[PDB]
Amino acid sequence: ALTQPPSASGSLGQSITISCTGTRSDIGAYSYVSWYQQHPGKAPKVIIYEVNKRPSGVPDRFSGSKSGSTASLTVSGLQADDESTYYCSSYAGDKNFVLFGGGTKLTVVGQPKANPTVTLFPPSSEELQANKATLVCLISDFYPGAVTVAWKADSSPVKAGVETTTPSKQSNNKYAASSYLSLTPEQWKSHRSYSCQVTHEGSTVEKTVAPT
């Protein structure tokens, strides 16, 4: 089996080295170790093959090595892009088989803080015609990934009907989340307005919609 640490943390602009421990039957016996970077929801991308060779196009700042039965990936000049899960693999050495490590999720600290963009949609006429109503609060481009979402009906706080997602990383390497307020069409049309309040690092942004 190939063993990798579940998590690692490096500092922006600096380096991190991730280990991949196999056996003398695989990593110790052959120079067919590969390393893959995977962003959530995306296919893996190869960044090292044959232990220390950079696939075509891959920049110099990715490098690999092995000593004994342990292979290592080093990423220098850490960028926000580099946050992701890294997988090592090795030719099994005994038969045509690829072994994979369990992955290392890499956090890059020291990144600039980013406050969220917030977009609030009222219920569509098509949904109301279906006897339903959903307010949709979309939250994007924030870092680090943790927000609080609160809703108001007119000026009053409301917990009923609120469903809020966990934060998920975007292609821009910032986080996104969503919050949905389910209400009856009567609730929607009889209230002066509804507000979505999004808090991030003590900074709260508010958006408001109204039936009229």
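Counting begins at 1, following the sequence as shown.
Once the C-alpha B-factors are averaged per stretch, 91 to 99 and 129 to 137 rank with 91 to 99 first.
Mean CA temperature factor is higher for 187 to 195 when stretches 16 to 24 and 187 to 195 are set side by side in the entry. Taking the deposited Cα B-factors for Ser156, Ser182, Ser65, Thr166, the highest one is held by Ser156. Per the PDB record, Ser31 has a higher Cα B-factor than any other of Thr148, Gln37, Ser56, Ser31. Residue-level temperature factors show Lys45 in the lowest third of its chain, judged at the C-alpha atom. In the PDB entry, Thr119 places in the middle third of its chain by CA B-factor. The entry lists a Cα temperature factor for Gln111 that places it in the highest third of the chain's modelled residues.
Per the PDB record, residue ranking by Cα B-factor puts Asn52 in the lowest third of the chain. Among the modelled residues of the chain, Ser171 sits in the highest third by CA temperature factor in this PDB entry.
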